[PDB]
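Numbering (mature numbering (1 follows the signal peptide of the UniProt record, and there is no 0)), first residue to last: 91 to 369. Built from N, CA and C at the ideal position, the CB exists for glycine as well. First up is the structure itself, then whatever we jot down about it.
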Ligand SMILES: [Ca+2]
């Protein structure tokens with residue numbers, strides 16, 4: 091399949107080169123997989139989700155995304171126009187309030203919720219969780235992310251936006267999950283992206299067009315935007331049978347565009363997520 095005039099990040103993850111605008115992908119498009127978006131919620135009624143999104147848990151008075159951030163991330167995972175895996179099922183877990191923040195105890199509960207809740211969902215091709223959130227180092231937050239991954243979910247987490255070593259942030263610093271840095275359309279490390287030996291992969295994170303609340307769209311930037319590119323890629327690859335939840339981060343790193351990013355500090359991977367779709 092080919093989607094012309096796609097957001098640059100979609101075009102980038104199916105290309106060996108920057109500077110193109112068509113997204114190429116196998117038409118299976120993540121069908122039969124599931125992605126949990128653990129964030130501010132998802133505006134499921136948005137036509138862009140085509141009925142494939144649903145809120146399954148909130149820790150607040152409502153399950154509505156009153157912020158937009160979670161809707162944007164979900165759109166990069168799986169919206170029809172802005173998504174990597176255009177046929178995946180999306181499940182929203184609202185651990186962040188409408189101001190975009192959440193207590194670590196609530197975030198931990200949401201991770202353990204996903205580890206159990208996947209047993210209530212039909213995901214024959216596998217389960218992914220996208221965590222575009224984080225704060226300072228916490229062994230408890232890291233151990234929750236580790237449990238979620240151990241339970242058979244491909245966990246993708248944002249590296250953080252501190253232009254610093256991700257070793258000091260959680261869940262970014264949990265070794266066993268897939269820690270995602272951000273790049274721009276000219277293949278630079280995004281100026282704000284964290285780095286370090288704990289990063290597994292980079293994805294597009296600067297000026298990313300996706301869905302927003304009120305049935306809308308907008309472009310925003312962050313490692314929060316890179317993470318759902320990787321989560322959607324994992325779902326896509328698991329539907330194709332190329333990898334599994336336990337192995338997807340390594341598979342993505344193995345098959346990435348290698349050595350192509352600029353402003354990568356010594357000791358940080360120079361790997362950019364790539365679907366290696368070759369019609
Ligand atoms: Ca890792």
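Under DSSP, residue 302 shares a beta bridge with 306. Residue list for ligand 1: 265, 266, 267, 268, 269, 288, 290 and 339 (CB closer than 7 Å to any heavy atom, chain order). Inter-residue distance for residue 245 and residue 219 is about 5 Å (C-alpha atoms, whole angstroms). The stretch 325-335 and the stretch 304-311 do not touch, with fewer than 3 CB-CB distances between them shorter than 8 Å. When 98, 205 and 325 are compared, the shortest CA-CA separation from residue 121 is found for 325.
In this structure, the alpha-carbon of residue 227 lies about 7 Å from that of residue 261. Exposure of residue 357 is indicated by the presence of fewer than 16 other C-beta atoms within 10 angstroms of its C-beta. For the stretch 326-363, the continuous alpha helix (DSSP H) assignments of 4+ residues that do not extend past its boundaries occur at 338-345, in sequence order.
For residue 161, the enclosing alpha helix (DSSP H) starts and ends at 159-168.
Residue 180 carries a strand assignment under DSSP once its states are collapsed to helix, strand and coil. Residue 266 has no beta-bridge partner at all, per DSSP. Counting other Cβ atoms within 10 Å of its Cβ, residue 151 stays below 16 and is therefore classed as exposed. Residue 294 sits in a strand when the DSSP states are folded into three classes.
Residue pairing from DSSP places residue 148 in a beta bridge opposite 184. Put simply, the stretch 188-205 touches the stretch 137-153. At least three CB pairs are less than 8 Å apart. The Cβ-Cβ distance between residue 243 and residue 270 does not fall below 8 Å. DSSP links residue 221 through a beta bridge to 247.
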